[PDB]
Amino acid sequence: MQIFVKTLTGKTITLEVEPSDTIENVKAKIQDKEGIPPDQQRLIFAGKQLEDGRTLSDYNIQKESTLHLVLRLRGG
Amino acid sequence: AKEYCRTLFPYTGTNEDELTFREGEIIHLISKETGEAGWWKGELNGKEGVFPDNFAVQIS
């Protein structure tokens, strides 16, 4: 299942990870392509932050979904 | 004198320092400079926070 990974810069990235997949794994995938570390990666979905120990099925994240990636939170 | 913005889409804060805005709302502009591109700072019902990639349009 393909998924969209938006960014504040306007950069949308595609990733392949089924519902059973874990959020921690997702962050690892993004880090493989974009190089960004999971320690700084922030995944937002449905207004809630994705938990590294949870799975895409926990937040009911289906295919063709959009995940907001927050990087370097200088604001609040 | 007065610089505010209207919320065009719903946004739910994930952190305590984050702000929550619904559609048809009123966000007060605090500082278009938060140190993060695409993120502005505003004030709402006693709480202040930022929104992703501009969820508010300066109406005033």
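Each residue's number is its place along the chain shown, starting with 1.
Using the three backbone atoms N, Cα and C, a Cβ is placed for every residue, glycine included.
Feature annotations, reproduced from Swiss-Prot:
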{"type": "CROSSLNK", "residues": "A:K6", "note": "ubiquitin cross-link"}
{"type": "CROSSLNK", "residues": "A:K11", "note": "ubiquitin cross-link"}
{"type": "CROSSLNK", "residues": "A:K27", "note": "ubiquitin cross-link"}
{"type": "CROSSLNK", "residues": "A:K29", "note": "ubiquitin cross-link"}
{"type": "CROSSLNK", "residues": "A:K33", "note": "ubiquitin cross-link"}
{"type": "CROSSLNK", "residues": "A:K48", "note": "ubiquitin cross-link"}
{"type": "CROSSLNK", "residues": "A:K63", "note": "ubiquitin cross-link"}
{"type": "DOMAIN", "residues": "A:1-76", "note": "domain 'Ubiquitin-like 1'"}
{"type": "MOD_RES", "residues": "A:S65", "note": "phosphoserine"}
{"type": "MOD_RES", "residues": "A:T66", "note": "(Microbial infection) ADP-ribosylthreonine"}
{"type": "MOD_RES", "residues": "A:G76", "note": "ADP-ribosylglycine"}
{"type": "SITE", "residues": "A:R54", "note": "site 'Interacts with activating enzyme'"}
{"type": "SITE", "residues": "A:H68", "note": "site 'Essential for function'"}
{"type": "SITE", "residues": "A:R72", "note": "site 'Interacts with activating enzyme'"}
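Secondary structure at A:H68 (site 'Essential for function'), as computed by DSSP, is strand.
Annotation: A:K6 are the recorded positions among A:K6, A:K27, A:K33, A:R54, A:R72 whose CA atoms are within 10 angstroms of the CA of the residue listed as '(Microbial infection) ADP-ribosylthreonine'. By a simple count of nearby Cβ atoms, those within 10 Å, the most crowded of the modified residues A:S65, A:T66 is A:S65.
Counting only the Cα atoms, the space from the residue listed as 'ADP-ribosylglycine' to A:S65 (phosphoserine) is about 25 angstrom. In sequence order, the recorded positions from A:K11, A:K29, A:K48, A:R72 that place a Cβ under 8 angstroms from a chain B Cβ are A:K48, A:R72. When the recorded positions A:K27, A:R54, A:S65 are ranked by how far their Cα is from the Cα of A:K6 (ubiquitin cross-link), A:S65 comes first. A:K48 (ubiquitin cross-link) falls within a strand when secondary structure is assigned with DSSP. Its Cβ taken as reference, A:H68 (site 'Essential for function') is surrounded by 19 other Cβ atoms within 10 Å in the chains shown.
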